[PDB]
Every structure is written in structure tokens, then in C-alpha cells.
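Dropping my_file37.json in here (JSON, C-alpha atoms and all ligand atoms):
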```json
[["chain", "number", "residue", "atom", "x", "y", "z"],
["A", 1, "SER", "CA", 12.93, 24.74, 1.20],
["A", 2, "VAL", "CA", 15.54, 22.30, -0.12],
["A", 3, "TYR", "CA", 13.46, 19.27, 0.87],
["A", 4, "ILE", "CA", 10.09, 21.01, 0.60],
["A", 5, "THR", "CA", 10.22, 20.76, -3.20],
["A", 6, "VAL", "CA", 10.95, 17.02, -3.06],
["A", 7, "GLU", "CA", 7.74, 16.39, -1.12],
["A", 8, "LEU", "CA", 5.76, 18.44, -3.65],
["A", 9, "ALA", "CA", 7.47, 16.76, -6.60],
["A", 10, "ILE", "CA", 6.49, 13.36, -5.23],
["A", 11, "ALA", "CA", 2.95, 14.63, -4.65],
["A", 12, "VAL", "CA", 2.57, 15.53, -8.32],
["A", 13, "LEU", "CA", 3.94, 12.26, -9.69],
["A", 14, "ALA", "CA", 1.78, 10.36, -7.20],
["A", 15, "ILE", "CA", -1.36, 12.08, -8.46],
["A", 16, "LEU", "CA", -0.61, 11.82, -12.19],
["A", 17, "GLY", "CA", 0.75, 8.28, -12.07],
["A", 18, "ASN", "CA", -2.32, 6.88, -10.31],
["A", 19, "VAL", "CA", -5.00, 9.05, -11.92],
["A", 20, "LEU", "CA", -3.53, 7.62, -15.11],
["A", 21, "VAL", "CA", -3.81, 4.09, -13.73],
["A", 22, "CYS", "CA", -7.44, 4.85, -12.89],
["A", 23, "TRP", "CA", -8.32, 6.43, -16.25],
["A", 24, "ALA", "CA", -6.62, 3.56, -18.06],
["A", 25, "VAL", "CA", -8.92, 1.08, -16.32],
["A", 26, "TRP", "CA", -11.86, 3.27, -17.30],
["A", 27, "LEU", "CA", -10.99, 3.22, -21.01],
["A", 28, "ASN", "CA", -9.65, -0.31, -21.44],
["A", 29, "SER", "CA", -12.29, -2.88, -20.50],
["A", 30, "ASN", "CA", -9.60, -5.57, -20.69],
["A", 31, "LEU", "CA", -8.43, -4.27, -17.32],
["A", 32, "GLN", "CA", -11.88, -3.96, -15.77],
["A", 33, "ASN", "CA", -11.80, -7.34, -14.03],
["A", 34, "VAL", "CA", -12.42, -8.23, -10.38],
["A", 35, "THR", "CA", -8.68, -8.17, -9.66],
["A", 36, "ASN", "CA", -8.16, -4.57, -10.76],
["A", 37, "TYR", "CA", -11.10, -3.48, -8.62],
["A", 38, "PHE", "CA", -8.72, -3.65, -5.66],
["A", 39, "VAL", "CA", -5.92, -2.06, -7.68],
["A", 40, "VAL", "CA", -8.10, 1.04, -7.94],
["A", 41, "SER", "CA", -8.51, 1.02, -4.16],
["A", 42, "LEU", "CA", -4.72, 1.05, -3.90],
["A", 43, "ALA", "CA", -4.45, 3.73, -6.57],
["A", 44, "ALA", "CA", -7.15, 6.02, -5.16],
["A", 45, "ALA", "CA", -5.40, 5.60, -1.82],
["A", 46, "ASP", "CA", -1.95, 6.54, -3.12],
["A", 47, "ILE", "CA", -3.70, 9.45, -4.84],
["A", 48, "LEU", "CA", -5.01, 10.93, -1.59],
["A", 49, "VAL", "CA", -1.39, 10.77, -0.45],
["A", 50, "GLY", "CA", -0.09, 13.45, -2.79],
["A", 51, "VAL", "CA", -3.42, 15.25, -2.46],
["A", 52, "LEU", "CA", -3.83, 15.17, 1.32],
["A", 53, "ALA", "CA", -1.16, 13.14, 3.13],
["A", 54, "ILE", "CA", 1.85, 14.99, 1.71],
["A", 55, "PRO", "CA", 0.16, 18.40, 2.09],
["A", 56, "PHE", "CA", -0.58, 17.42, 5.70],
["A", 57, "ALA", "CA", 2.77, 15.74, 6.37],
["A", 58, "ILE", "CA", 4.59, 18.88, 5.23],
["A", 59, "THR", "CA", 2.34, 21.00, 7.45],
["A", 60, "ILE", "CA", 2.67, 19.12, 10.74],
["A", 61, "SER", "CA", 6.40, 19.12, 10.00],
["A", 62, "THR", "CA", 6.78, 22.70, 11.22],
["A", 63, "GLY", "CA", 3.88, 22.16, 13.62],
["A", 64, "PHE", "CA", 0.84, 24.36, 14.15],
["A", 65, "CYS", "CA", -1.94, 25.23, 16.59],
["A", 66, "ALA", "CA", -5.35, 23.54, 16.45],
["A", 67, "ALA", "CA", -7.80, 21.42, 18.44],
["A", 68, "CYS", "CA", -7.18, 17.75, 19.26],
["A", 69, "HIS", "CA", -9.59, 16.37, 16.66],
["A", 70, "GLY", "CA", -8.30, 18.62, 13.89],
["A", 71, "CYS", "CA", -4.69, 17.91, 14.84],
["A", 72, "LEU", "CA", -4.99, 14.13, 15.21],
["A", 73, "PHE", "CA", -6.72, 13.98, 11.83],
["A", 74, "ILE", "CA", -3.95, 15.86, 10.03],
["A", 75, "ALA", "CA", -1.55, 13.54, 11.87],
["A", 76, "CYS", "CA", -3.28, 10.16, 11.57],
["A", 77, "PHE", "CA", -4.77, 10.52, 8.09],
["A", 78, "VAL", "CA", -1.62, 9.07, 6.54],
["A", 79, "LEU", "CA", -2.09, 6.05, 8.79],
["A", 80, "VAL", "CA", -5.44, 5.46, 7.10],
["A", 81, "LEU", "CA", -4.28, 5.51, 3.48],
["A", 82, "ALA", "CA", -1.39, 3.24, 4.43],
["A", 83, "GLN", "CA", -3.70, 0.91, 6.35],
["A", 84, "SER", "CA", -6.16, 0.73, 3.45],
["A", 85, "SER", "CA", -3.28, -0.27, 1.18],
["A", 86, "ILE", "CA", -2.58, -3.05, 3.68],
["A", 87, "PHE", "CA", -6.03, -4.49, 3.02],
["A", 88, "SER", "CA", -5.78, -4.08, -0.76],
["A", 89, "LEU", "CA", -2.32, -5.64, -1.09],
["A", 90, "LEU", "CA", -3.49, -8.49, 1.13],
["A", 91, "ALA", "CA", -6.59, -8.92, -1.03],
["A", 92, "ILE", "CA", -4.61, -9.03, -4.27],
["A", 93, "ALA", "CA", -2.34, -11.59, -2.62],
["A", 94, "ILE", "CA", -5.28, -13.86, -1.82],
["A", 95, "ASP", "CA", -6.81, -13.09, -5.21],
["A", 96, "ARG", "CA", -3.89, -14.34, -7.31],
["A", 97, "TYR", "CA", -3.80, -17.30, -4.94],
["A", 98, "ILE", "CA", -7.42, -18.29, -5.57],
["A", 99, "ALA", "CA", -6.87, -17.99, -9.32],
["A", 100, "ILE", "CA", -3.75, -20.17, -9.46],
["A", 101, "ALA", "CA", -4.91, -22.58, -6.76],
["A", 102, "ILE", "CA", -8.58, -22.98, -7.67],
["A", 103, "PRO", "CA", -9.12, -21.59, -11.20],
["A", 104, "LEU", "CA", -12.65, -23.00, -11.42],
["A", 105, "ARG", "CA", -13.96, -21.69, -8.09],
["A", 106, "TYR", "CA", -12.13, -18.43, -8.77],
["A", 107, "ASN", "CA", -15.08, -17.08, -10.76],
["A", 108, "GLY", "CA", -17.71, -18.43, -8.38],
["A", 109, "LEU", "CA", -15.93, -16.90, -5.40],
["A", 110, "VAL", "CA", -13.92, -13.90, -6.58],
["A", 111, "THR", "CA", -16.84, -11.89, -7.95],
["A", 112, "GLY", "CA", -17.01, -8.22, -8.91],
["A", 113, "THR", "CA", -19.61, -7.68, -6.19],
["A", 114, "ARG", "CA", -17.68, -9.24, -3.31],
["A", 115, "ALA", "CA", -14.74, -7.16, -4.51],
["A", 116, "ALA", "CA", -16.68, -3.93, -3.97],
["A", 117, "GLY", "CA", -17.99, -5.15, -0.62],
["A", 118, "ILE", "CA", -14.55, -6.05, 0.70],
["A", 119, "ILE", "CA", -13.06, -2.77, -0.53],
["A", 120, "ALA", "CA", -15.76, -0.86, 1.35],
["A", 121, "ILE", "CA", -15.12, -2.75, 4.58],
["A", 122, "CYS", "CA", -11.38, -2.29, 4.06],
["A", 123, "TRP", "CA", -11.75, 1.50, 4.08],
["A", 124, "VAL", "CA", -14.21, 1.45, 6.98],
["A", 125, "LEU", "CA", -11.78, -0.62, 9.04],
["A", 126, "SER", "CA", -9.00, 1.56, 7.63],
["A", 127, "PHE", "CA", -10.43, 4.63, 9.37],
["A", 128, "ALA", "CA", -11.25, 2.68, 12.53],
["A", 129, "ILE", "CA", -7.59, 1.67, 12.85],
["A", 130, "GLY", "CA", -5.79, 4.58, 11.20],
["A", 131, "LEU", "CA", -7.68, 7.04, 13.39],
["A", 132, "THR", "CA", -7.53, 5.03, 16.62],
["A", 133, "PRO", "CA", -5.50, 7.79, 18.32],
["A", 134, "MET", "CA", -8.59, 9.96, 17.77],
["A", 135, "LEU", "CA", -10.76, 7.46, 19.65],
["A", 136, "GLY", "CA", -9.01, 8.59, 22.82],
["A", 137, "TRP", "CA", -5.70, 6.74, 22.58],
["A", 138, "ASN", "CA", -3.73, 9.98, 22.21],
["A", 139, "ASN", "CA", -1.39, 12.39, 24.00],
["A", 140, "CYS", "CA", -3.31, 15.66, 23.80],
["A", 141, "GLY", "CA", -2.05, 17.61, 26.81],
["A", 142, "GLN", "CA", 0.47, 15.14, 28.21],
["A", 143, "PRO", "CA", 3.62, 17.01, 29.35],
["A", 144, "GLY", "CA", 1.76, 28.80, 23.44],
["A", 145, "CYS", "CA", -1.47, 28.16, 21.56],
["A", 146, "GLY", "CA", -3.96, 29.02, 24.30],
["A", 147, "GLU", "CA", -6.65, 26.81, 25.81],
["A", 148, "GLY", "CA", -8.46, 24.56, 23.35],
["A", 149, "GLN", "CA", -5.72, 24.43, 20.72],
["A", 150, "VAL", "CA", -2.75, 22.08, 21.01],
["A", 151, "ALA", "CA", 0.81, 22.40, 19.71],
["A", 152, "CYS", "CA", 0.28, 19.95, 16.85],
["A", 153, "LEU", "CA", 3.51, 17.96, 16.87],
["A", 154, "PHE", "CA", 3.53, 14.34, 15.73],
["A", 155, "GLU", "CA", 5.77, 12.94, 18.47],
["A", 156, "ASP", "CA", 4.02, 14.86, 21.26],
["A", 157, "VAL", "CA", 0.45, 14.21, 20.13],
["A", 158, "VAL", "CA", 0.65, 10.66, 18.76],
["A", 159, "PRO", "CA", 1.36, 7.78, 21.21],
["A", 160, "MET", "CA", 4.31, 5.44, 20.67],
["A", 161, "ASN", "CA", 2.88, 2.41, 22.45],
["A", 162, "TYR", "CA", 0.14, 2.64, 19.84],
["A", 163, "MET", "CA", 2.10, 3.02, 16.60],
["A", 164, "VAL", "CA", 4.34, 0.18, 17.74],
["A", 165, "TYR", "CA", 2.30, -2.48, 19.56],
["A", 166, "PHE", "CA", -0.96, -1.72, 17.74],
["A", 167, "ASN", "CA", -0.26, -0.04, 14.39],
["A", 168, "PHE", "CA", 3.05, -1.51, 13.20],
["A", 169, "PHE", "CA", 3.31, -4.93, 14.87],
["A", 170, "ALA", "CA", -0.34, -5.90, 14.40],
["A", 171, "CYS", "CA", -1.85, -3.79, 11.61],
["A", 172, "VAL", "CA", 1.24, -3.84, 9.37],
["A", 173, "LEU", "CA", 3.80, -6.46, 10.39],
["A", 174, "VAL", "CA", 1.26, -9.27, 10.82],
["A", 175, "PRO", "CA", -0.40, -8.56, 7.45],
["A", 176, "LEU", "CA", 2.97, -8.51, 5.67],
["A", 177, "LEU", "CA", 3.69, -11.86, 7.32],
["A", 178, "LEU", "CA", 0.36, -13.12, 5.99],
["A", 179, "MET", "CA", 0.93, -11.68, 2.52],
["A", 180, "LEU", "CA", 4.38, -13.25, 2.48],
["A", 181, "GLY", "CA", 2.84, -16.52, 3.64],
["A", 182, "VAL", "CA", 0.35, -16.38, 0.78],
["A", 183, "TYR", "CA", 2.88, -15.80, -2.00],
["A", 184, "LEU", "CA", 4.73, -18.71, -0.40],
["A", 185, "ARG", "CA", 1.96, -21.17, -1.25],
["A", 186, "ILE", "CA", 1.18, -19.45, -4.55],
["A", 187, "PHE", "CA", 4.63, -19.90, -6.07],
["A", 188, "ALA", "CA", 4.89, -23.26, -4.29],
["A", 189, "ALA", "CA", 1.83, -24.85, -5.90],
["A", 190, "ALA", "CA", 2.33, -22.96, -9.16],
["A", 191, "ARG", "CA", 5.55, -24.86, -9.86],
["A", 192, "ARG", "CA", 3.76, -28.05, -8.81],
["A", 193, "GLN", "CA", 1.27, -27.44, -11.62],
["A", 194, "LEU", "CA", 4.11, -27.12, -14.12],
["A", 195, "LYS", "CA", 5.42, -30.40, -12.70],
["A", 196, "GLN", "CA", 2.11, -32.20, -13.20],
["A", 197, "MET", "CA", 1.83, -30.80, -16.73],
["A", 198, "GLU", "CA", 5.32, -32.12, -17.41],
["A", 199, "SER", "CA", 4.31, -35.79, -17.27],
["A", 200, "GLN", "CA", 1.26, -35.37, -19.50],
["A", 201, "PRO", "CA", 0.62, -37.52, -22.61],
["A", 202, "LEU", "CA", -0.49, -34.35, -24.39],
["A", 203, "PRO", "CA", 0.78, -30.84, -25.30],
["A", 204, "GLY", "CA", -1.94, -28.69, -23.74],
["A", 205, "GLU", "CA", 0.01, -25.45, -24.07],
["A", 206, "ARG", "CA", -3.22, -23.62, -23.24],
["A", 207, "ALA", "CA", -2.83, -24.62, -19.59],
["A", 208, "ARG", "CA", 0.88, -23.80, -19.50],
["A", 209, "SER", "CA", 0.64, -20.45, -21.28],
["A", 210, "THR", "CA", -2.38, -19.38, -19.22],
["A", 211, "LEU", "CA", -0.79, -20.56, -15.96],
["A", 212, "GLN", "CA", 2.55, -18.88, -16.68],
["A", 213, "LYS", "CA", 0.59, -15.66, -17.15],
["A", 214, "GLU", "CA", -1.45, -16.13, -13.98],
["A", 215, "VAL", "CA", 1.92, -16.59, -12.31],
["A", 216, "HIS", "CA", 3.34, -13.58, -14.15],
["A", 217, "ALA", "CA", 0.51, -11.50, -12.69],
["A", 218, "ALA", "CA", 1.02, -13.02, -9.25],
["A", 219, "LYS", "CA", 4.75, -12.26, -9.41],
["A", 220, "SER", "CA", 4.04, -8.72, -10.59],
["A", 221, "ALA", "CA", 1.69, -8.48, -7.61],
["A", 222, "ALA", "CA", 4.42, -9.74, -5.27],
["A", 223, "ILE", "CA", 6.73, -7.02, -6.56],
["A", 224, "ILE", "CA", 4.08, -4.45, -5.65],
["A", 225, "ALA", "CA", 3.58, -5.63, -2.07],
["A", 226, "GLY", "CA", 7.34, -6.03, -1.75],
["A", 227, "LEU", "CA", 8.00, -2.36, -2.48],
["A", 228, "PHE", "CA", 5.45, -1.37, 0.16],
["A", 229, "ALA", "CA", 7.25, -3.11, 3.02],
["A", 230, "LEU", "CA", 10.55, -1.93, 1.56],
["A", 231, "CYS", "CA", 9.26, 1.65, 1.70],
["A", 232, "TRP", "CA", 7.79, 1.53, 5.21],
["A", 233, "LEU", "CA", 9.88, -0.85, 7.34],
["A", 234, "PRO", "CA", 12.68, 1.73, 7.73],
["A", 235, "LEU", "CA", 10.32, 4.25, 9.34],
["A", 236, "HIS", "CA", 8.75, 1.57, 11.53],
["A", 237, "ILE", "CA", 12.09, 0.12, 12.62],
["A", 238, "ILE", "CA", 13.07, 3.63, 13.66],
["A", 239, "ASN", "CA", 9.97, 3.81, 15.84],
["A", 240, "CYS", "CA", 11.10, 0.53, 17.40],
["A", 241, "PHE", "CA", 14.53, 2.05, 18.05],
["A", 242, "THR", "CA", 13.18, 5.17, 19.74],
["A", 243, "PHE", "CA", 10.62, 3.12, 21.68],
["A", 244, "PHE", "CA", 12.27, -0.12, 22.80],
["A", 245, "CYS", "CA", 15.66, 1.56, 23.18],
["A", 246, "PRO", "CA", 15.25, 4.84, 25.12],
["A", 247, "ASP", "CA", 19.01, 5.27, 25.56],
["A", 248, "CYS", "CA", 19.65, 4.52, 21.89],
["A", 249, "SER", "CA", 20.39, 7.65, 19.84],
["A", 250, "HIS", "CA", 16.96, 9.08, 19.04],
["A", 251, "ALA", "CA", 16.84, 9.07, 15.24],
["A", 252, "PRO", "CA", 18.05, 12.41, 13.79],
["A", 253, "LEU", "CA", 15.47, 14.71, 12.19],
["A", 254, "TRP", "CA", 17.27, 14.63, 8.84],
["A", 255, "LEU", "CA", 17.37, 10.83, 8.79],
["A", 256, "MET", "CA", 13.82, 10.87, 10.15],
["A", 257, "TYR", "CA", 12.74, 13.05, 7.23],
["A", 258, "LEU", "CA", 14.41, 10.77, 4.69],
["A", 259, "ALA", "CA", 12.69, 7.76, 6.25],
["A", 260, "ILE", "CA", 9.30, 9.49, 6.28],
["A", 261, "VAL", "CA", 9.83, 10.61, 2.69],
["A", 262, "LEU", "CA", 10.48, 7.04, 1.54],
["A", 263, "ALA", "CA", 6.94, 6.16, 2.63],
["A", 264, "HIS", "CA", 5.53, 8.94, 0.45],
["A", 265, "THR", "CA", 7.43, 7.38, -2.45],
["A", 266, "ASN", "CA", 5.51, 4.10, -2.30],
["A", 267, "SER", "CA", 2.60, 6.01, -3.84],
["A", 268, "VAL", "CA", 4.46, 6.46, -7.13],
["A", 269, "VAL", "CA", 6.13, 3.16, -8.05],
["A", 270, "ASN", "CA", 2.87, 1.32, -8.75],
["A", 271, "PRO", "CA", 2.01, 3.21, -11.96],
["A", 272, "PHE", "CA", 5.54, 2.68, -13.29],
["A", 273, "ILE", "CA", 5.50, -0.96, -12.18],
["A", 274, "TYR", "CA", 2.31, -1.58, -14.16],
["A", 275, "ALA", "CA", 3.60, 0.15, -17.28],
["A", 276, "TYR", "CA", 6.62, -2.13, -16.88],
["A", 277, "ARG", "CA", 5.45, -5.51, -15.56],
["A", 278, "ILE", "CA", 2.14, -5.43, -17.42],
["A", 279, "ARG", "CA", 2.19, -5.36, -21.22],
["A", 280, "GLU", "CA", -1.57, -4.78, -21.27],
["A", 281, "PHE", "CA", -1.21, -1.72, -19.04],
["A", 282, "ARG", "CA", 1.68, 0.01, -20.81],
["A", 283, "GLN", "CA", -0.10, -0.11, -24.18],
["A", 284, "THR", "CA", -3.15, 1.50, -22.60],
["A", 285, "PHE", "CA", -1.17, 4.37, -21.07],
["A", 286, "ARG", "CA", 0.61, 4.89, -24.39],
["A", 287, "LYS", "CA", -2.76, 5.44, -26.08],
["A", 288, "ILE", "CA", -3.85, 8.03, -23.52],
["A", 289, "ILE", "CA", -0.71, 10.18, -23.75],
["A", 290, "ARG", "CA", -0.44, 10.13, -27.55],
["A", 291, "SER", "CA", -4.16, 10.85, -27.87],
["A", 301, "LIG", "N1", 8.90, 9.33, 15.13],
["A", 301, "LIG", "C1", 8.29, 10.22, 14.29],
["A", 301, "LIG", "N2", 8.45, 11.56, 14.35],
["A", 301, "LIG", "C2", 7.79, 12.36, 13.44],
["A", 301, "LIG", "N3", 8.02, 13.70, 13.61],
["A", 301, "LIG", "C3", 7.66, 14.73, 12.65],
["A", 301, "LIG", "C4", 8.89, 15.30, 11.93],
["A", 301, "LIG", "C5", 8.60, 15.54, 10.47],
["A", 301, "LIG", "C6", 7.27, 15.53, 10.01],
["A", 301, "LIG", "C7", 6.99, 15.75, 8.66],
["A", 301, "LIG", "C8", 8.04, 15.98, 7.77],
["A", 301, "LIG", "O1", 7.81, 16.20, 6.44],
["A", 301, "LIG", "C9", 9.36, 15.99, 8.22],
["A", 301, "LIG", "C10", 9.64, 15.77, 9.57],
["A", 301, "LIG", "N4", 6.95, 11.95, 12.44],
["A", 301, "LIG", "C11", 6.78, 10.61, 12.36],
["A", 301, "LIG", "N5", 5.98, 9.90, 11.44],
["A", 301, "LIG", "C12", 6.13, 8.60, 11.76],
["A", 301, "LIG", "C13", 5.49, 7.46, 11.07],
["A", 301, "LIG", "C14", 4.48, 7.55, 10.13],
["A", 301, "LIG", "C15", 4.16, 6.22, 9.75],
["A", 301, "LIG", "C16", 4.98, 5.40, 10.48],
["A", 301, "LIG", "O2", 5.79, 6.14, 11.29],
["A", 301, "LIG", "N6", 6.99, 8.46, 12.84],
["A", 301, "LIG", "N7", 7.41, 9.76, 13.23]]
```
Give the structure from the file, written as C-alpha cells.
Ligand SMILES: Nc1nc(NCCc2ccc(O)cc2)nc2nc(-c3ccco3)nn12
Amino acid sequence: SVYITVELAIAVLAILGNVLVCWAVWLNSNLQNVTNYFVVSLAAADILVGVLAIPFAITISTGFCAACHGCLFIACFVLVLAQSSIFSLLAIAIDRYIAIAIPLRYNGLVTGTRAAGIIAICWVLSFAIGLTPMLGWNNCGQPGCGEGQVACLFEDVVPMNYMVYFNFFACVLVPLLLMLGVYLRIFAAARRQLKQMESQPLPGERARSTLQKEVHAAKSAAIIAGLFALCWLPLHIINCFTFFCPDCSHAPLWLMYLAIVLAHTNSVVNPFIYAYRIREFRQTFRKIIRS
């Protein structure tokens, strides 16, 4: 019960923090742009974490008895929310890129409609991937609870060749490498703009000020995606240790818990990172609380 509380504590903060981020975008129309449409997808996702993921994660911890479908769901649901966030964070990455790179075509391309469409597909593909073990790629009955029900234990029910080759390497590592690659060009061309506006026979502080803020938002976005990888890589690397190195000390349960917990923490930093990196956001939250 010493660690049980921690998981619940995180669940609460995850719900409040993001429901606040969602309500703030519903009151302040100065946040209701195409960009923040994806932010909500990330928020709503990190909300279902403290609402479902954590409640599930803490359940399958001690293990239980239920069918394969029911078990795999309570075991692969967290893979969905995390996978959805992969799409969102990648979207935001491309978003800030289109804005800084092609400011004019930004409005003609990055529309509020296409935003909704993408988000929808992101979740659809999020379930297709996150629940792949349910498609048949699972270990239900691969050497108590009686016929029908299965001893719902993560390691015994969820494949490793999947969460490594498929999940991590492809559906997480590759995206992060793409996201990284994006922010590479973003901050690369951004400073080129400042260089071109340095040899100009005119002030034009409108371009500079606006750009520096488009960059400020891009940087703030980079800090968001950065925390994700920083709060998931540990758990994934562990899976690579247990998998690729069978003789290597199988990660301890206590260290395994800590690592798994860290992932549940990524659903809490976003609210605080907005109220910190975004002056527009913090002022909105302040209004809500006071009033
Ligand atoms: N190797 C491994 N073992 C387990 N075992 C379940 C142990 C456990 C489960 C829940 C909890 O709160 C504390 C401990 N869960 C695991 N979850 C993950 C994981 C999730 C996302 C990426 O890796 N890997 N993994």
C-alpha cells in the first residue's frame, strides 16, 4: 500500500491538470486554434490514463482471472493512450514546422477541419496498434482460474517480440526519430529567418516578434515531446534488456514498478508545462481557480 497511494495520487493530478487544460480552451477562445485541437487529443488521452490506465495498471499488478479479450484490454489499453499521444505529439511537431516554414500556406493547409480528421484517424489507428495483441498476437495459454478465464499477468499474456519489434521500435522509436528530425529543421530554418531579417534595410519588428513567438511555441512543444520520450524510454529499454539479453538480470519488480510509474507521470507534466511555458495559458487557469 506504500506505492499504491502514489499511483492514485498521480491519477488525481492527471485528471485535474488536463481537465483544467481542456476547460481553459473552452473558455478562452484565444486558445481555440487549430494547433490546440491536437493538444486536447493529448490532454483527453492523458486524462483516460488516471481514469482508466492507472486503475487498470494497478489491477493487473496483482493479477486477476478473466477471459482473453477482457484481460488483453485491461493490459493493452495503456498502449493505446500512449500510441495516440505519439500521433498528437508528431502532429504538433509538423504543425509548428508548417507555421515557421510556410506561414502563408499554414492557414490554407493546417485547417481546423483537417485537424479533427487527423485526430480521428490517429485514435482509430491508435486502437489498431495499441490493441494488436488482441488481434491474435498474444500469449493466452502459452506455458487456477478454470477453463475460459486466464491468469491475467502482463508478462505471461502480452508478447515480448511484439512490444519490442512492433510496438517500441516501430510505433514509438521511429516516431520519436521523426519528431526529433522535424524539430531539427524547425530550429534550423528558424534561425535562418533571423539571419535573413538581419540584413534588411528596414526594422520590421513585426516579423521578428511574431517569429520569435512562433519559435517560442515550437520550443515549448519540443519540451513537451521531450518529456514523453524521457518518461517512456526507461521502461522500453528495460524490455530490450529482458528480451535481447535473456541471461541479463531480469529487471527487478521494484525497479520495474518505478519505471512503469514514470510513464504514468507523463500525463501530468503537460498542464504544468503550459501554465509555465505559455503566458496565455497560465492567465487562463488563474481565472478559473480564482473564479
Ligand atoms: N516487462 C513488464 N512487466 C510488467 N509486469 C507487471 C508488473 C506490474 C504491473 C503494474 C504495476 O503497477 C506494478 C507492477 N508490466 C510491464 N509493462 C510494460 C510496459 C508498458 C509500456 C511499455 O512497457 N512492460 N512490463
Near ligand LIG 301 (chain A), 8 Å: chain A residue rows, closest pairs, only C-alpha atoms and all ligand atoms, as a Markdown table:
```
| residue | atom | partner | partner_atom | distance |
| --- | --- | --- | --- | --- |
| A:4 | CA | A:LIG301 | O1 | 7.9 |
| A:7 | CA | A:LIG301 | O1 | 7.6 |
| A:54 | CA | A:LIG301 | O1 | 7.7 |
| A:57 | CA | A:LIG301 | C7 | 4.8 |
| A:58 | CA | A:LIG301 | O1 | 4.4 |
| A:59 | CA | A:LIG301 | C7 | 7.1 |
| A:60 | CA | A:LIG301 | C7 | 5.9 |
| A:61 | CA | A:LIG301 | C7 | 3.7 |
| A:62 | CA | A:LIG301 | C6 | 7.3 |
| A:78 | CA | A:LIG301 | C15 | 7.2 |
| A:79 | CA | A:LIG301 | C15 | 6.3 |
| A:153 | CA | A:LIG301 | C3 | 6.7 |
| A:154 | CA | A:LIG301 | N3 | 5.0 |
| A:155 | CA | A:LIG301 | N2 | 5.1 |
| A:163 | CA | A:LIG301 | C16 | 7.2 |
| A:168 | CA | A:LIG301 | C16 | 7.7 |
| A:232 | CA | A:LIG301 | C16 | 7.1 |
| A:235 | CA | A:LIG301 | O2 | 5.3 |
| A:236 | CA | A:LIG301 | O2 | 5.5 |
| A:238 | CA | A:LIG301 | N1 | 7.2 |
| A:239 | CA | A:LIG301 | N1 | 5.7 |
| A:242 | CA | A:LIG301 | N1 | 7.5 |
| A:251 | CA | A:LIG301 | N1 | 7.9 |
| A:253 | CA | A:LIG301 | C10 | 6.5 |
| A:254 | CA | A:LIG301 | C10 | 7.7 |
| A:256 | CA | A:LIG301 | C10 | 6.5 |
| A:257 | CA | A:LIG301 | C9 | 4.6 |
| A:260 | CA | A:LIG301 | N5 | 6.1 |
| A:261 | CA | A:LIG301 | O1 | 7.0 |
| A:263 | CA | A:LIG301 | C15 | 7.6 |
```
Where does range 34-66 of chain A meet range 18-24 of chain A within 12 Å, residue by residue, with the nearest atom pair and distance in Å to one decimal for each, counting all atoms listed in the file, listed by chain and rising number, as a tab-separated table?
```
residue	atom	partner	partner_atom	distance
A:36	CA	A:22	CA	9.7
A:37	CA	A:22	CA	10.1
A:38	CA	A:22	CA	11.2
A:39	CA	A:22	CA	8.8
A:40	CA	A:22	CA	6.3
A:41	CA	A:22	CA	9.6
A:42	CA	A:18	CA	9.0
A:43	CA	A:18	CA	5.3
A:44	CA	A:18	CA	7.1
A:45	CA	A:18	CA	9.1
A:46	CA	A:18	CA	7.2
A:47	CA	A:18	CA	6.2
A:48	CA	A:18	CA	10.0
A:49	CA	A:18	CA	10.6
A:50	CA	A:18	CA	10.2
A:51	CA	A:19	CA	11.4
```
Atom pair CA of residue 17 in chain A / CA of residue 56 in chain A: separation (Å): 20.0 Å
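Reported to one decimal place, the separation of CA of residue 131 in chain A from CA of residue 52 in chain A is 15.1 Å.
The space between CA of residue 119 in chain A and CA of residue 92 in chain A spans 11.2 Å.
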Using only C-alpha atoms, which protein or nucleic acid residues come within 8 Å of residue 142 in chain A? Drop anything in the same chain fewer than 2 positions from it, and give the result as a count of residues only. 3
